[PDB]
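# Observations on the three-dimensional arrangement
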There are 10 protein chains.
Amino acid sequence: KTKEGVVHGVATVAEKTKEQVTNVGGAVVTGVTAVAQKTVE
Amino acid sequence: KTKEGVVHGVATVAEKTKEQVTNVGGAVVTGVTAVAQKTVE
Amino acid sequence: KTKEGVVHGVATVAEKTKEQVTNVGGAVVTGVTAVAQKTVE
Amino acid sequence: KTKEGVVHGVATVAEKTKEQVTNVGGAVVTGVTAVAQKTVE
Amino acid sequence: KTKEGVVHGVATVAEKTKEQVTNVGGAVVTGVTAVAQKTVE
Amino acid sequence: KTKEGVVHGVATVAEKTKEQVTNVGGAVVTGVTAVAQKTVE
Amino acid sequence: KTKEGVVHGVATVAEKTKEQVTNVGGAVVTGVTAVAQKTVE
Amino acid sequence: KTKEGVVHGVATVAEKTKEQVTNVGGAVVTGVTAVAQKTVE
Amino acid sequence: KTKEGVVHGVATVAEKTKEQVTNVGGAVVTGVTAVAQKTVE
Amino acid sequence: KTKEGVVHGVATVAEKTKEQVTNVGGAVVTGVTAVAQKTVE
């Protein structure tokens, strides 16, 4: 009757975001949402 | 009657986003949503 | 009847964000939201 | 009938943020929201 | 009927923030919100 | 009879390099050699 | 009969380098060599 | 008959380097060699 | 017949370096060698 | 027949260095070698 891992609210808010990105090498990532929910029993 | 791994709310909000990206090498990724839910029993 | 790990509210707010990024090497990331919820029982 | 780890309110507020970033090496990150909720029972 | 770890209010407020960042080496991070809630039972 | 921009020696040496890389999102780059020689007259 | 910008020796030496890299989001880069030789006349 | 910018010796030596890197967000870079030789006349 | 900027010897030596790095947010960089030789005439 | 800026010897020696680094936010850098030789004439 238990619950081990719960995630229910996380916010990430931007507004009117203009930008320029210029690297030499490496990898450009704009948005990120990722889950690696390694639950071992 | 248990629950081990639950994810129910994660937000990622942008608005009016203009940009320019120019790398030399590497890989451009704009949006990201990814799940690697390695659940071993 | 227990709950071990709960996350329910986290805010990250910006507004009217103009920028320029120029590295030589390395990797540019603009937004970040990530969960690695390693729950082992 | 217990609760071990709860996070419910964390604020991060900016406004009208203009900037320029120029490194030589290293990796530029603009926004950060991240959870590593290692709950072991 | 107990609660071990609770976080409910933390503020981080800026306003009208213009800046310039120029390192040689190292990694620029603008916003930070992060949780590493290592709760072991 | 002049020379404006000359690059003649830069070394990058590794040896016996074993590794493992596992991201969730983003782009893996192993070797990097890159030139963006923006010479404007 | 002049020379404006010359680079002739820079070393970067490692040996017997074993490692493991595991991010959640962001981009892994192992080696870096990069030139952005913006010479304007 | 002049020389404005010369770089001829810079060392970076490691040996027998074992490591592990685990971030949540952000970008891992192992080796770095980079030149941004902005020479304006 | 002059020389304005010369760099000829800089050492950075380590030996038998084992480590572990674990951040939550931010970017891990292991080695650093970088030149930003802004020579304006 | 002059020389304005010369750097010829700088040492940085470690030995048998084992460590562990664990931040929450911010960016880990292990080795550092960097030159920003802003020579203006």
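Here's what I pulled together on the structure shown here.

Conventions we followed
- Residues numbered from 1 in each chain as written, not as in the entry; some residues may be left out.
- Chains lettered and ligands numbered in written order.
- Heavy atoms only, no water.
- Helix = DSSP H or I, 4+ residues; strand = E, 2+ residues; numbered from the N terminus.
- Areas by Shrake-Rupley, 256 points an atom, 1.4 Å probe, with all protein chains shown as cover.
- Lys, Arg positive; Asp, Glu negative; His and termini not counted.
- Charge placed at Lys NZ, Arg CZ, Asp CG, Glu CD.
- Pairing = 2+ DSSP bridges.
- Contact = heavy atoms within 4.5 Å.
- Buried area = accessible area lost by both parts, 1.4 Å probe.
- Salt bridge = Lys/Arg side-chain N within 4 Å of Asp/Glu carboxyl O.
- Nonpolar A, V, L, I, M, F, W, Y, C, P; charged D, E, K, R; others polar.
- Buried < 20%, exposed > 50% of the residue type's maximum accessible area, 1.4 Å probe, protein only.
- Patch = residues over 30% accessible without salt bridge, like charges linked within 9 Å, V, L, I, M, F, W, Y side chains within 5 Å.
- Polar contact = N/O pair within 3.5 Å; in protein donor to acceptor, adjacent residues only side chain to side chain.

## Here's the deal with the overall build of chain A
- Check the secondary structure of chain A and you find zero helices and four strands.
- The secondary structure elements of chain A, listed N-terminal to C-terminal, are β-β-β-β.
- In terms of overall dimensions, chain A has a C-alpha envelope of 50 × 25 × 5 Å along the principal axes.
- Summed over its atoms, the accessible surface of chain A is roughly 1,300 Å², and 55% of this surface lies on carbon and sulfur atoms.
- A gap of 5 Å separates the mean positions of the 5 positive and 4 negative side-chain charges of chain A.

## A short note on the sheet that holds strand β2 (residues 34-35) of chain F
- Pairing within the open sheet is parallel, and its five strands lie in the order β2(F)-β2(G)-β2(H)-β2(I)-β2(J). Of all strands in the sheet, those with a lone pairing partner are β2 of chain F together with β2 (34-35) of chain J, marking the two edges.
- Sheet analysis places strand β2 (residues 34-35) of chain I next to β2(J), joined by two bridges and oriented parallel. Along β2(J), the bridge assignment pairs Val35(I) with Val35(J).

## Focus: the interface of chain B and chain F
- Counting from both sides, the interface comprises six residues of chain B and, opposite them, seven residues of chain F.
- Overall, the association of chain B and chain F removes approximately 430 Å² of surface from exposure, summing both partners, and the carbon and sulfur fraction of that is 84%.
- The interface formed by chain B and chain F contains zero salt bridges.
- Each residue belonging to the side of chain B that touches chain F can be placed in one class, and the counts come to five nonpolar, one polar and no charged.

## Observations concerning the environment of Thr22(F)
- In this fold, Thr22(F) is placed in the loop between β1 (3-7) and β2.
- It is 24 Å that separates the C-alpha atoms of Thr22(F) and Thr12(F), two residues lying ten residues apart in sequence.
- Once residues within four sequence positions are removed from consideration, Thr22(F) is found in contact with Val21(G), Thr22(G) and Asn23(G).

## Some details on the arrangement of the chains
- The two units chain A and chain E are non-contacting; their minimal C-alpha-C-alpha distance is 10 Å.
- Between chain F and chain J there is no contact; the minimum C-alpha to C-alpha separation amounts to 14 Å.

## Concerning the pattern of salt bridges
Residue and element names in this part refer to chain C.
- According to the stated counting rule, one finds ten salt bridges over all chains in the structure shown.
- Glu15 is paired through a salt bridge with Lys16; the nearest N and O atoms lie 2.5 Å apart.
- When its relative accessible area of 21% is taken as the criterion, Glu15 is described as partly exposed.

## Brief notes about a positive patch on the surface
- A cluster of basic residues, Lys1(A), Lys1(B), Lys1(C), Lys1(D) and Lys1(E), forms a positive patch at the surface.
- Structurally, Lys1(C) is set in the segment before β1 (3-7).

## Side note on the interface of chain I and chain J
- Between chain I and chain J, the residue contacts involve 41 residues of the former and 41 residues of the latter.
- For the pairing of chain I and chain J, the buried interface totals around 3,600 Å² over both sides, and the portion due to carbon and sulfur atoms is 48%.
- Summed over the shared surface of chain I and chain J, the number is zero salt bridges.
- Our count for the chain I to chain J interface comes out at 35 residue pairs in polar contact.
- Looking at the side of chain I that touches chain J, the elements with two or more residues in it are β1 (3-7), β2 and β3 (39-40) of chain I.
- With five residues, the single largest contributor to the side of chain I that touches chain J is β1(I).
- Classifying every residue of the side of chain I that touches chain J gives 16 nonpolar, 16 polar and nine charged.

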